[PDB]
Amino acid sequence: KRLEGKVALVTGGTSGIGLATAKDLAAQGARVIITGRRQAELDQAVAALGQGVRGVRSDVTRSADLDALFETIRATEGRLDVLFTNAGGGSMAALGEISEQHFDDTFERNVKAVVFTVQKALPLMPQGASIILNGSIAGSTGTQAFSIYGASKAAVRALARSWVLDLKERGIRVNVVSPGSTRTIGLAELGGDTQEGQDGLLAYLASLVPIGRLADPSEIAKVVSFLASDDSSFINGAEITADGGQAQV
């Protein structure tokens, strides 16, 4: 198929966008490795995906986990063709009530972990490999009480610009998918643990999208799969925004 003969890694691939992307990449022929912190959900995801998908329990914020994750790839597949640095998250905190670890937590996972996931992956990635960073429209817009999340995603987008030049000798292109609001557990949890709070939040966020609906995670995965394929061969350092129009308007 389109991505057949390609080895893809998705950090945080047991839920939400990571899971849908792993599903889509596998359905295009890739051998897929997914990661996640919780063993139970990791195993359930790997079973649901079938298709020679492979799981590793690993935390992207722990340098040693990253090392172990990639040695597993060197020993098994021997190379990495596609890298989707999906693992990320965010919470609400207005200016005036931002705690030091609200900052550290967001930036360690959303930014620092991306830098080192990419850096440790490089020895496994051949000429023509494709790296997809996970950004967000939050990186180029303003949302009340999400400055730190926004700042973290803008940092992600900027890294890809400079990495064009750092990876040019290596022949590896780096692009960013920036989703708008996507129906995931992640997003819903911003509504709290109440079903009504999640439902209310999800319905409010759908009303902000010009086309008036949230994305299904499979609609984000399609963008990643395109960037993973050789069809994106002349795209480098670019931000592809799939937001139903929200940030372009």
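Residue numbers run from 1 along the displayed sequence.
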Mean CA B-factor: is it higher for 216-224 or for 58-66?
58-66
Look up the CA B-factors in the entry and say which stretch, 192-200 or 39-47, has the higher mean.
192-200
Cα B factor band for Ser181 (lowest, middle or highest third within the chain)
lowest
Within this chain, which third does the Cα B-factor at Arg157 fall in: lowest, middle or highest?
lowest
Going by the recorded CA B-factors, say which third of the chain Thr117 sits in, lowest, middle or highest.
middle
Per the entry's values, where does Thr72 land by CA temperature factor relative to the rest of its chain, in the lowest, middle or highest third?
highest
Chain thirds by Cα B factor, record data; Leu80 belongs to the highest
